């Protein structure tokens, strides 16, 4: 009843954070070996090395809905690529506590973030999304592989998820409960997006205005402004209350000085030209 506790994927060895229900015989091995392109999981270095020489995948399946320079996103329908998405969900569960869904991947669309070189498109992370979210969740689960965490890739995927919400003419919010790292990442993302808009629009924006500009829900906006102490309350209404000294002294922290990977909406292929 040994669990999977270590994986080898690409040129990375990664320790597990949580139990993932790989078949029992796969957990018995010291490490489990993942093809970084098709996400097939294997029990031995020799089966892994043989697969690397045979596997012709060099990128995620599905449609490449984003490509700028060597940063790429693939949209993968869980129904059209069931095995690939199950493998993805088992991999993700090694690093996600709350994720309970691994094999019934059909209700979901998966957005795979990759980093490309001459060899292929190397998986960095993903977020899943319900094709029909009754709550209004524009992200179900989001996971960045540990060697890529805290390096801007999670920020890119969060920004990407709100770009999709904009093109759908809707607001959206990540599904709860958030992971520990997702909660910090969303709070940091919401802060920068809201603080940048208030700096560049003179604050002449309501909470509803910000919600339409960013596809962030009014609730997530309000709780973020509350954390920034930038909202007044008047007769049941939340009112933005902000000055330049407030905006700048919150913006000029070290948090908002790493240059992001940036979602260039020009390179997002949402609708075909015909």
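Residue numbers count along the first chain shown, from 1.
Chemist: Taking only the CA atoms, which stretch has the higher mean B-factor in the record, 234-242 or 32-40?
Modeler: Mean CA B-factor is higher for 234-242.
Chemist: As stated in the PDB record, which stretch has the larger average Cα B-factor, 214-222 or 22-30?
Modeler: Looking at the record's C-alpha B-factors, the answer is 22-30.
Chemist: Going by the entry, which of 101, 159, 85, 145 has the most elevated CA B factor?
Modeler: Highest C-alpha B-factor among the listed options: 101.
Chemist: Out of 180, 175, 130, 97, which shows the largest CA B-factor listed in the entry?
Modeler: Among 180, 175, 130, 97, the highest C-alpha B-factor in the entry belongs to 130.
Chemist: Tell me, lowest, middle or highest third: where does the Cα B factor of residue 75 rank within its chain?
Modeler: Bottom third by C-alpha B-factor.
Chemist: Which third of the chain does residue 108 land in by C-alpha B-factor: lowest, middle or highest?
Modeler: Its C-alpha B-factor, which the entry lists for residue 108, ranks in the middle third among residues of this chain.
Chemist: Ranked by Cα temperature factor within the chain, is residue 271 in the lowest third, the middle third or the highest third?
Modeler: Within its chain, residue 271 is a highest-third residue by C-alpha B-factor, going by the deposited values.
Chemist: For residue 150, return the chain-relative third of its C-alpha B-factor as stated in the PDB record: lowest, middle or highest.
Modeler: Its C-alpha B-factor belongs to the lowest third of this chain's values.
Chemist: Select lowest, middle or highest to describe the third in which the CA B-factor of residue 203 falls within its chain in this entry.
Modeler: Within its chain, residue 203 is a highest-third residue by C-alpha B-factor, going by the deposited values.
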